[PDB]
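Below: one structure, written as structure tokens.
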Amino acid sequence: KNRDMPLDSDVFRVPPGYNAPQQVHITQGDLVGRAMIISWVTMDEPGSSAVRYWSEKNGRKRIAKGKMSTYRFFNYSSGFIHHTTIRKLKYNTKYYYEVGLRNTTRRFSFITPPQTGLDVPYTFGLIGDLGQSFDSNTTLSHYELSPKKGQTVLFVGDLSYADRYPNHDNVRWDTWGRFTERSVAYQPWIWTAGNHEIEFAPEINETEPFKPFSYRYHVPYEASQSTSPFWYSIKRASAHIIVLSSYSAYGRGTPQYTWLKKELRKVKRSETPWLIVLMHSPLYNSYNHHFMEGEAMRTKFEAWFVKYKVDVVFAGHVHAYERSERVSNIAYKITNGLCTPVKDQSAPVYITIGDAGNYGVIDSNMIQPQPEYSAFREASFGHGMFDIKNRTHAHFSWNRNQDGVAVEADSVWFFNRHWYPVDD
Amino acid sequence: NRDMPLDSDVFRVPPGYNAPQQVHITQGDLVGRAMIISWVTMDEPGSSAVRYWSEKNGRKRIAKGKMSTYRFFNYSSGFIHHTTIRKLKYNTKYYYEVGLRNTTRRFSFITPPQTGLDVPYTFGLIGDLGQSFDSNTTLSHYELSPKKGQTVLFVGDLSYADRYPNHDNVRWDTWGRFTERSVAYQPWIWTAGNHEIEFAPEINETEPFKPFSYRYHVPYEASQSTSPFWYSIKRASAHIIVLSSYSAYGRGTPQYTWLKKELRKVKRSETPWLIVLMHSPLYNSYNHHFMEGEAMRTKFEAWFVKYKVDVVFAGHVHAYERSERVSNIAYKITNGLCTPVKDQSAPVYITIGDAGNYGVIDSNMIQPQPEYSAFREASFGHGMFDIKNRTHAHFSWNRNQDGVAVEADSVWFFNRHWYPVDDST
Amino acid sequence: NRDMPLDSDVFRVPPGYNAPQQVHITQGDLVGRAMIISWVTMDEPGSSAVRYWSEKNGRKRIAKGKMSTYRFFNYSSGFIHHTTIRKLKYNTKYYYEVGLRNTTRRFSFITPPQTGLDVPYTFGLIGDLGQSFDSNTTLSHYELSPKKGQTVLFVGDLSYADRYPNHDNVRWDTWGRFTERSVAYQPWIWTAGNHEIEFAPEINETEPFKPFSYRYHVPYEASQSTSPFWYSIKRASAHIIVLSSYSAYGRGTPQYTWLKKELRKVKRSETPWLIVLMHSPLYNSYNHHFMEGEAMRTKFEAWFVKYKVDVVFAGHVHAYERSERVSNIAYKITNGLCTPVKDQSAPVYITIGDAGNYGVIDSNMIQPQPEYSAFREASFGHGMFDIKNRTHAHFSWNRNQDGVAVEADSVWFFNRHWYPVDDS
Amino acid sequence: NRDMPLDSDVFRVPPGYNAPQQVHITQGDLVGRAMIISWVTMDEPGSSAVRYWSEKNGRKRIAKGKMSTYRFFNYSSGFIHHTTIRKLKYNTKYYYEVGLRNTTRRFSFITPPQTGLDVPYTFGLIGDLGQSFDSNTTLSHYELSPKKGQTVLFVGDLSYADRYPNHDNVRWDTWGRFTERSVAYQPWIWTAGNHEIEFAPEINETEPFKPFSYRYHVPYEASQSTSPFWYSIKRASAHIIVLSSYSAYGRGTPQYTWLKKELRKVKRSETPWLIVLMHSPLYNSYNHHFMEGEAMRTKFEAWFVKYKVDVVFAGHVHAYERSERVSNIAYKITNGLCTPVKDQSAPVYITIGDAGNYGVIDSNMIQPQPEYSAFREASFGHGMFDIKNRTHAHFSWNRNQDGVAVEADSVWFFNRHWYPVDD
Ligand SMILES: *[C@@H]1O[C@H](CO)[C@@H](O[C@@H]2O[C@H](CO)[C@@H](O)[C@H](O)[C@H]2NC(C)=O)[C@H](O[C@@H]2O[C@@H](C)[C@@H](O)[C@@H](O)[C@@H]2O)[C@H]1NC(C)=O
Ligand SMILES: *[C@@H]1O[C@H](CO)[C@@H](O[C@@H]2O[C@H](CO)[C@@H](O)[C@H](O)[C@H]2NC(C)=O)[C@H](O[C@@H]2O[C@@H](C)[C@@H](O)[C@@H](O)[C@@H]2O)[C@H]1NC(C)=O
Ligand SMILES: *[C@@H]1O[C@H](CO)[C@@H](O[C@@H]2O[C@H](CO)[C@@H](O)[C@H](O)[C@H]2NC(C)=O)[C@H](O[C@@H]2O[C@@H](C)[C@@H](O)[C@@H](O)[C@@H]2O)[C@H]1NC(C)=O
Ligand SMILES: *[C@@H]1O[C@H](CO)[C@@H](O[C@@H]2O[C@H](CO)[C@@H](O)[C@H](O)[C@H]2NC(C)=O)[C@H](O[C@@H]2O[C@@H](C)[C@@H](O)[C@@H](O)[C@@H]2O)[C@H]1NC(C)=O
Ligand SMILES: *[C@@H]1O[C@H](CO)[C@@H](O[C@@H]2O[C@H](CO)[C@@H](O)[C@H](O)[C@H]2NC(C)=O)[C@H](O[C@@H]2O[C@@H](C)[C@@H](O)[C@@H](O)[C@@H]2O)[C@H]1NC(C)=O
Ligand SMILES: *[C@@H]1O[C@H](CO)[C@@H](O)[C@H](O[C@@H]2O[C@@H](C)[C@@H](O)[C@@H](O)[C@@H]2O)[C@H]1NC(C)=O
Ligand SMILES: *[C@@H]1O[C@H](CO)[C@@H](O)[C@H](O[C@@H]2O[C@@H](C)[C@@H](O)[C@@H](O)[C@@H]2O)[C@H]1NC(C)=O
Ligand SMILES: *[C@@H]1O[C@H](CO)[C@@H](O)[C@H](O)[C@H]1NC(C)=O
Ligand SMILES: *[C@@H]1O[C@H](CO)[C@@H](O)[C@H](O)[C@H]1NC(C)=O
Ligand SMILES: *[C@@H]1O[C@H](CO)[C@@H](O)[C@H](O)[C@H]1NC(C)=O
Ligand SMILES: *[C@@H]1O[C@H](CO)[C@@H](O)[C@H](O)[C@H]1NC(C)=O
Ligand SMILES: *[C@@H]1O[C@H](CO)[C@@H](O)[C@H](O)[C@H]1NC(C)=O
Ligand SMILES: *[C@@H]1O[C@H](CO)[C@@H](O)[C@H](O)[C@H]1NC(C)=O
Ligand SMILES: *[C@@H]1O[C@H](CO)[C@@H](O)[C@H](O)[C@H]1NC(C)=O
Ligand SMILES: [Fe+3]
Ligand SMILES: [Fe+3]
Ligand SMILES: [Fe+3]
Ligand SMILES: [Fe+3]
Ligand code: NA
Ligand code: NA
Ligand code: NA
Ligand SMILES: [Zn+2]
Ligand SMILES: [Zn+2]
Ligand SMILES: [Zn+2]
Ligand SMILES: [Zn+2]
């Protein structure tokens, strides 16, 4: 009945040694990819926030200094959380970095992306609603073993699922930290905030939304002049990635709404032709679980996505896989009867990819019959891959946990909305 | 530029060293036995103590409150006092004094009757007031009304200070001195509008609602809300729910969670009249801000129908509108059911955002008038929601161009719980 | 090391889920009508509500206080509760309950009589207590005394946790559980000693007095002090001034300014007995900490004489000493007058820092005994300051090696204001 | 009274929208390679950036700092900028600009030589300046000294704003505009005095040193202090220790702990001139504040003799005094030894708090002159401590009533480490 991996699972083991860094993770730390946020936890004493790093070829060893913090949540006290931004990195260079410089040093590595550009290829993993059940471990293995070979994960929210435990037992953030480390210590994960990150629990006097998640997973939101960690953009290779918060305000005149309207004007499709939006709650979703929860955001932002010709919108939240047709539903005017989606070659494809495991439960009840806006849907565990070839073509595939690591149960060519708007 | 100039009589500084100014009150508890007393001192911090006594008991007590200050760009505020008087007697006239240390000023208010089934009560409805000459006329029409408003339900957009350069917060101070002649003597129930957001990254002011939330306090914890921007009060026979159009309301957010559990706590056997206040109207056939209320409608409209809300008041559109009782809660993306229909279980939606703002009326309407809209007109004015008993409340809309006793629109509400009968005009 | 082990009986954890522990009370206002109720819960934050009733009227009432936490290096505190009960009736037994949500525990205390000229009261005097076995024997002698102390005047150095590695704040927890059998039932008046400073920059803990000040609250605002470390209370016929040896006391500083105004507020027609507490002694003829009190003496000794202070109690030296009435205030740099003289307007200075500490007595004394020193001895013990009326107070010192009713030293105090007879 | 009126020329507000005012600099690191740049903008927040370049390179760089504000009773401050420029070159003139967003103003300073055994350097000594007409005359005399002061060691009591009703902090702003003509072009080294405490509970202002600590930053973490009110710096051949008379200094306290460790780091072969600054004098034979320094003297006087401090500079007494080299550290309560004695290991104690304050001089003296006092006079003026090399430093005192080149008192300091002969 509980498919969550027990506490003594191998994926949760504590790196040995006095004050050994654990829960190590990295993410892009600037707007174009010359910087990296390095994050980790030490449990025995505060320790140093210094990060030692060097490129595998030059080898001059540099130190970066960051910041230490802690938080409480009901009767849980966190370890000592470190966040340190390494900057001015060279493009397309393998770096080594070390954490724990005062006591037990641990060494990792990452490869910086190429410089942003029109035809730069890059491979993104899509993972949503991961959790720490056995299905979660299989998904992460299927991603690590992908022959497509993913270089950055776009994570569309719902991370540890710790809020399911009594009092949100934040020990389950620590176990998730150690479990995902074997991926996100070596390549950036791009964080979207889901509903399991809100952790609004007034009954135990914890009413600050996103508190544990926000303390543990930093994002470079200032780099795109956002005033909140929960919405932001980054550019990587030939992609411009916009990260939105389903569970923050997006009313007209609110900060998120203001930021996004202004951020879409800065997109340059001749520098980054692939325009990608991440959000947690899907705007198009023909499952019963969470059906039409995305309507509110859709009324605010769908016309914008069409007007600026977003290529693809990735969401999670529904524990299943779905791929829409290119449609829009933006002609409604209350009394004009125009409330059915139509094909629209200026509209993104919406993909739901919230099926990486969560706590062991798949969403299988679909609306019937399958609506026209729904191109493909299936209730199986898996992950996605968005493989950009060049300015016109990107190949998307869905890998199921029950198939071999090189089998795509679904696959579609994306034809760029700016450089190549062919029907797909 | 129809805003009143700085040396207008309504803006005068009360005389005397450190005379309290911008005095205002609002309900300070869930049921009406408390008042939050608020004012500003400009010359020095002064005391936060409030001396108060009832006309009959005569015993003079002291309440102690708190002082705060804020900055916004290159404006620094004076000294803001918030003091809550508690454990008052119902239906009792009280005097209170502020500015104990140097220049004292005396005012009065009348606590509401105890909450009960047939308790009559007359609520003013004012939205988008601003500080134009139109604003002053409306306030004059409200205070001279023959129906005698006892509480103002204020549906957002207060000072419009954010239209001035750097949101020149002096225009918050002027508005507090203007409105004082009403809100020092009777509560105003505050809803946050978009002019209260004051999100201004270009001058490093990124904290939404900061001036408003410093100047106007609400009893939000009394309904176990975690934020000033949504909360609930009961007063006489009304249960009043105040929502924030410019806060989060997705599933699982604080305001969504609070609202869902707040609706369950409404007892129509105790407070018959269920009133919702918000700034952006769910139903609005004017072109200005057309369909901006759609996002909140998708989350909450079915909840309003399920709980048989009597009336939803909003502002934002600078005009007046009264809807039919309608719902639009059957849409399923592909089924074509996106037209509102008559629904006796649904509230009446009233836009009342025509109190004056900076002097501009919203006249462009969508033609012809849709079936869902009962009455609309692009004129300045205000409203009165006059509860008679558990079955009947009389709503009336008064225009600034008419005399203060003339109702250009008028409807008898049949209470959705105790008199669930078609009340359309 | 003579510190009692962690498994000692005195350190037992009260049973039951989130049972309040480390329960301590102190006077909560200026005149004795309020009490600060303090305790720690370990399993979860719990309620800060205190339920209380007098013996006389038996009406249960609720007072609500505040919860707080702190960190010190790699230690995290439990949940600390401070709640003030007010409007208590004079000379009256109260019962109070803490832990209202899970495991409740009930205690009692007796308010002092109203302040007046001739109101009798017995103050205990305990200094540099620690948690050695010697500390336990002192505490036992106090609670078994036939003199029956009604309040402890505590002259500083509490737990000595700062002697443990990283000041192991677990040893504050043990001390609170150990002292509870006394301070849960009668107020202790806190003075801050040097072991409470805990200035440890080498582990980035630089806020002076931080652990002490979170765990032990004083009614400092009731005498218009701006700092917990100096303040005044009145109780029965006593006006008690508590001073901070390790805060600033230069001319113009907060402590200096507060003390100058506060001596002018003493009304000996209401509280005849004027008592000053401080950690470091102004008159001390032992070698350990010899002359460390000179700095405060230069600043405050002439004030104590001018305001006819009856007695100054201090700790810091791990032994007992009682001075004659002397002053050393005629010094003008070049006039040679630096010898203390008998001055029947001066206080008696008493060192009483011998309650046990970590098991070490200070036995090195300057020989021969100076004329200013009336009696001194290197033995563990405590004091009793037993007020009879406005003229007469009996002070006695009890040694840990004697019977609980044996006074190894005693002296009648004749009040400096109401009865200035030679009491040599 | 005798304070200069608000419309005086020294108080004039620099013109242009949001033009920086109250510009002041101080040393920014331990050894002299850094400078803290400080200033106020009144019209809006503005930029905290400082553009700077050397006269030699001309490569203009930018350093970014921080903006802060404070209230005090019914006063609200302007926007206070502190920005630290680092990696400066030794012995080099730099220009710097503040006010980059609207009205830019330009200044300059000259970095000190690198620290060394025989490095000459000329220090000014000012205490208790205030803003009376007397204060302006002392500043003029300092600016016009033929010895050319390169840094001011300032021993406390700055604006005397706390004498006005509610400490009227406008009188901090004016003092900032008045002193700028000096402290914008050379560091002043800041010591906290009693008029900086501003403990005013009757108007609910209880944070000690608040207005001063907002407006004047020091490089206290460079010497591993945890408080701005005590710290050290090295400059040329001087090691300078700044103490806080009005902070705690009992055994085990932060300032006590810091001073005992700091004295162990002193290297007389790198900086042979060991200098202590404090506000309250440990030696003082005037009736005003007589013996107020006794408490700090019980704690620190033996450390000064032990480490052979050359000179201790203090203010607070509104006059001038130069002690003999004496110590008074033998007292043991009953041994009777409480008279100071000639001590060639001891520093000279100079009271130099006569720079003007609000117009009033302290003229009552203990009579007769004690053996431990060498020279004392109740006149307005300032001091100069002129280091020639590791053995010789010339101290001069200049009175406001004399010519700017006249030294009414002067003495040769022989270094206690390198040349401890009777002076
Ligand atoms: C806080 O830091 C202390 C200093 O490192 C910890 O004590 C050290 O723990 C080591 C185990 O990792 C042990 O080898 C060292 O001997 C010991 N050092 C000293 C000076 O005692 C302390 O760890 C606690 O105590 C030890 C004995 C273990 O039992 C730990 O499990 C304890 O938690 C640290 N405490 C905490 C709460 O992190
Ligand atoms: C962008 O990448 C696409 C995927 O690799 C290219 O399409 C592929 O081009 C191959 C030629 O190298 C061809 O065999 C494959 O069939 C084809 N794949 C698909 C799904 O069409 C694309 O190549 C250009 O466009 C195609 C349609 C042909 O015209 C080629 O001759 C072109 O080089 C790449 N486009 C660009 C601009 O590089
Ligand atoms: C509740 O308030 C209603 C509005 O004031 C009352 O109806 C009004 O009753 C008046 C006489 O009491 C009558 O002149 C008004 O025309 C009438 N107003 C309307 C809009 O109908 C109502 O009184 C009951 O209902 C009316 C229709 C009559 O039948 C009365 O005799 C009834 O008592 C009030 N209800 C009660 C129980 O008083
Ligand atoms: C204040 O307390 C003193 C200590 O108890 C009283 O002195 C004691 O009085 C007894 C008779 O009440 C007598 O037997 C004891 O010997 C005496 N103790 C001492 C140490 O002197 C004192 O009583 C007054 O003073 C004494 C000296 C006698 O004159 C008594 O007759 C007096 O009443 C108490 N003061 C008052 C005013 O009661
Ligand atoms: C350090 O500076 C001192 C002051 O300038 C030097 O003393 C001065 O030396 C001059 C020529 O050497 C001589 O004309 C001056 O009268 C004399 N000033 C004084 C106040 O004595 C000092 O020179 C050395 O020291 C003195 C004592 C003599 O022995 C000279 O002959 C020495 O050169 C300078 N010391 C050093 C080490 O540079
Ligand atoms: C504000 O109130 C206080 C207390 O009621 C008065 O003392 C003030 O009077 C002024 O301040 C005192 C200190 C004294 O100078 C008096 O003469 C002043 O008039 C009062 N302030 C004013 C401006 O009336
Ligand atoms: C101070 O500098 C800022 C930044 O360069 C300018 O924006 C200000 O210019 C004034 O305000 C702007 C918005 C623009 O309208 C300009 O025309 C104004 O002069 C500048 N302020 C002043 C007073 O020069
Ligand atoms: C998780 O998967 C990894 C990689 O396949 C495997 O080595 C590990 O044993 C698995 N652990 C659990 C608990 O499933
Ligand atoms: C502050 O208060 C004093 C009186 O207490 C008044 O005279 C002065 O002008 C006030 N200053 C400001 C800036 O309000
Ligand atoms: C506002 O209205 C009041 C009463 O109607 C009037 O006395 C006052 O002069 C008006 N002020 C204006 C229009 O500025
Ligand atoms: C402490 O003293 C008490 C009372 O004398 C006794 O019951 C207890 O056993 C003692 N404990 C220790 C550890 O000495
Ligand atoms: C927190 O509280 C729960 C009881 O609700 C308990 O089971 C758990 O062990 C506690 N953990 C900590 C670290 O206090
Ligand atoms: C201050 O002194 C300067 C230089 O001596 C002079 O120019 C100025 O006029 C003086 N100002 C006042 C107010 O004395
Ligand atoms: C604030 O700034 C504006 C220009 O940006 C200026 O005109 C105005 O007078 C300023 N106000 C204050 C109070 O400084
Ligand atoms: Fe999920
Ligand atoms: Fe409006
Ligand atoms: Fe001790
Ligand atoms: Fe002075
Ligand atoms: Na939602
Ligand atoms: Na809106
Ligand atoms: Na001391
Ligand atoms: Zn979800
Ligand atoms: Zn609006
Ligand atoms: Zn001690
Ligand atoms: Zn001084």
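Protein chains in written order, with the authors' numbering: chain C, 7 to 430; chain B, 8 to 432; chain A, 8 to 431; chain D, 8 to 430. Positions of the beta carbon are idealized from the N, C-alpha and C atoms, including for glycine.
Going by beta-carbon coordinates alone, are residue i and residue j separated by less than 8 Å?
| i | j | result |
| --- | --- | --- |
| B/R222 | B/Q34 | no |
| D/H325 | D/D135 | yes |
| D/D10 | D/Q138 | yes |
| C/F161 | C/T110 | no |
| A/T99 | A/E62 | yes |
| A/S380 | A/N407 | no |
| D/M42 | D/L95 | yes |
Below 9 Å on C-beta distance, what does residue i contact in chain A?
| i | result |
| --- | --- |
| C/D50 | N81 |
Under 7 Å between beta-carbons, which chain A residues line up against residue i? List them in chain order, please.
| i | result |
| --- | --- |
| C/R78 | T76 |
| D/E301 | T305 |
Measuring straight from C-alpha to C-alpha, what distance separates residue i and residue j?
| i | j | result |
| --- | --- | --- |
| A/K73 | A/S55 | 6 Å |
Which bits of chain B does residue i rub up against, with CB to CB less than 8 Å?
| i | result |
| --- | --- |
| C/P127 | Residues of chain B passing the Cβ test: none, with the nearest at roughly 35 Å. |
Three or more C-beta pairs closer than 8 Å, one from the stretch 277-286 of chain C and one from the stretch 308-321 of chain C: is that the case here? These segments touch.
For the stretch 265-277 of chain B against the stretch 296-314 of chain B, do three or more pairs of beta-carbon atoms, one drawn from each stretch, fall closer than 8 Å, so that the two count as touching? Short answer: they touch.
Check whether the stretch 21-29 of chain B and the stretch 44-61 of chain B are in contact - that is, three or more C-beta pairs closer than 8 Å. Using a Cβ-Cβ distance cut-off of 8 Å, the stretch 21-29 of chain B and the stretch 44-61 of chain B are in contact, since at least three pairs of beta carbons, one from each stretch, lie closer than that value.
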